[PDB]
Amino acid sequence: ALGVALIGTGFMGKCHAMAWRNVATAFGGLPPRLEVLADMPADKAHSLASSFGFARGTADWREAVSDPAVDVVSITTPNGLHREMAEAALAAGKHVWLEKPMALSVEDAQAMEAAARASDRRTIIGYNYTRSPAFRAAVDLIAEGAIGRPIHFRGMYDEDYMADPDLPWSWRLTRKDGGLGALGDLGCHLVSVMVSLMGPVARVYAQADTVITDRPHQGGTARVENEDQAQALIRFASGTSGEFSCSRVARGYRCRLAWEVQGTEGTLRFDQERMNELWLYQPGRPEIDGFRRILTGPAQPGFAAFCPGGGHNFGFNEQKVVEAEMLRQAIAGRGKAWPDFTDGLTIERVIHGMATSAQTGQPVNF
């Protein structure tokens, strides 16, 4: 069994834990051994290792990535910590499951990518919205020619977690430790999905905005630095056109990663807030012509490992189980995992390229 370390226990830390714990339940093989949990403070690491079923808990992550019983390290700590912990893991000869985005900057991502290439260990970044059965059915459909040649992509990713202007400031909202705003938190997820459907991005023209430029900082106010929303027009390497957006201030949306691929012979549309539906249009006779609602079931990739009956809604967390497995297969030498630090660095260059574009009012070519 694969020896597992986990660093962090928050939103993603718990998600990885629940995933590791059931990956063998779903897909077979041996359950991974949950060796070490790292979080701060110590008493919290001990508590959570107990209730997560980990063999021990530590307040010292370096110990976790060092442990001889570990082969793989889940890294679910804040973006400013990714580079250091990732690199230390790879140097200790461990495979790495790293949360997105890779780091704060393209330069950090590049350093990490070089580390990974040296190491010969397997890596994967936590672009979990590419794990849904519906998204994977969509990719297969386009490959099968269900919509002919793609002629346009339109995608968005709206959430409203920062829309309230009273929400307190933090260094996340600075360029340092924070990095990009909406592009770094959400943009990257959209790019991960978009390039899987349409191929590599050849060019972007973008614009960005900070809507809420000043926030309470225990007293007066602090200037928010990164962007609350960004949009971009795209040209892919195939030459086809695309539209792109992201926002952390789009009121009423909670997880609205929504995309569509219009093709010569059809159209596919999807909204993550209803992650179990794939809308497919193909030309038919006039009398019955129209979009089909394909409800996620065992006909789609990965679904049948969790449930034999269609229409039993596949959940967000279960995406993470599929991700664990893809890494599990890569480590077992049986299948390449996407995206690794090399694949992820391209995604980093895209979102940062869009940021550069926005600042300059000039298109950026990749």
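One rule holds for the numbers: they count along the sequence shown, beginning at 1.
Notably, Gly155 is never a gap: all other compared entries of this protein, restricted to those modelling both its neighbours, have coordinates for it, so the one-third criterion is not met. Judged by the one-third criterion across other entries of this protein, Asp289, modelled here, is also modelled in every one of those that cover both its neighbours. For the two regions 256-264 and 92-100, the entry's Cα B-factors average higher over 92-100.
Relative to its counterpart among 182-190 and 77-85, 77-85 has the higher mean temperature factor, C-alpha atoms as listed in the PDB entry. Of the candidates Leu173, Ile294, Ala230, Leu197, the one whose C-alpha carries the top B factor in the deposited record is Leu173. Based on the entry's C-alpha B-factors, the most elevated value among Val322, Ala42, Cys307, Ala299 belongs to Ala42. Sort the modelled residues of the chain by CA B factor and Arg269 lands in the lowest third. Ranked against the other modelled residues of its chain, the C-alpha B-factor of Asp340 as given in the entry falls in the middle third. When the modelled residues of the chain are ordered by C-alpha B-factor, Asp214 sits in the highest third. Ranked by Cα temperature factor within the chain, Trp61 sits in the highest third according to the deposited record. Sorting the modelled residues of the chain by their CA temperature factor places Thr240 in the middle third.
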